[PDB]
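Before any questions on binding or motion, here is one chain by itself as structure tokens, the form deposited without the named molecule.
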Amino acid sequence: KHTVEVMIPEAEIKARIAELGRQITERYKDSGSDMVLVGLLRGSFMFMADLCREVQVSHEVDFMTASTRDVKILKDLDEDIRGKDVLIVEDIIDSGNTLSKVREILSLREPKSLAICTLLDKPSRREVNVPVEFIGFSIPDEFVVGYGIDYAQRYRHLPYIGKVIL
């Protein structure tokens, strides 16, 4: 028994993703090597669709599904990242537990470079020290939904970030 309040409106997200877009563009425009943005599903699908449209560099788009448990590849990438600039695209960084492991896994395949871009970082919640090179918003430890993030399989389609209120 809850309500959703707006936490970050749709206009702010868009403004912020244009700025991330310019930045990812300046970091990578002079590489000349193949680039791929790598979404973590299901949560990253919306951020990736918006971010990849703001990245003014030829790139592949690929996806990955990762799980007191091991991080397991439930769906690996469709393409090779060896010798490629790879940017991992994630809805939210929290503990850092999963993203740190996903980072290690892709690192074995020897990309030219490897980096993370997350829309939301909850740095009060961090349990592991994970290098994150691009952040949308550092946020308080709120119960967030919308923009791909769910509450018991709800609100992934909301075009703003909401916080859930019990």
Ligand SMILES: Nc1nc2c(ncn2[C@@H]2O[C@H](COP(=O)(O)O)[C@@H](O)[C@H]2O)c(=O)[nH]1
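Numbers follow the displayed sequence, beginning with 1.
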Going from residue 67 to residue 68, the deposited residues skipped in the model number 4 to 9
Stretch with higher mean Cα temperature factor, 25-33 vs 44-52, is 25-33
Once average C-alpha B-factors are taken from the entry for 114-122 and 129-137, the winner is 129-137
Reading the B-factor column for Cα atoms of 94, 76, 85, 90, the highest value belongs to 94
The third of the chain into which the C-alpha temperature factor of residue 9 falls is the highest
Chain-relative C-alpha B factor for residue 15 (record values, thirds): the middle
Of the three thirds of Cα B-factor ranks in this chain, residue 158 occupies the lowest
So, residue 152's CA B-factor, relative to its chain, sits in which third? The highest
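Here the subject shifts to the form deposited with the named molecule bound, a form of this protein not shown in this document.
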Because the test is whether 3 or more atoms of the named molecule fall within 2.4 angstroms of backbone or C-beta atoms once its pose in the deposited complex is superposed, the call for this site is open
>> I'd like to know whether residue 92 contacts the named molecule in the deposited complex, with contact meaning heavy atoms within 4.5 angstroms.
In response: yes
- Task: Report yes if any heavy atom of residue 122 sits within 4.5 Å of a heavy atom of the named molecule in the deposited complex; otherwise report no.
- Result: yes
Exercise for the section: State yes or no: in the deposited complex, is some non-hydrogen atom of residue 150 no more than 4.5 angstroms from a non-hydrogen atom of the named molecule? Expected result: yes
Contact with the named molecule in the deposited complex for residue 117, defined as at least one heavy atom pair within 4.5 Å: yes or no? no
Note: the named molecule not shown here; in the deposited complex, the stretch from 47-55, 104-112, 24-32, 136-144 having heavy atoms within 4.5 Å of it is 136-144
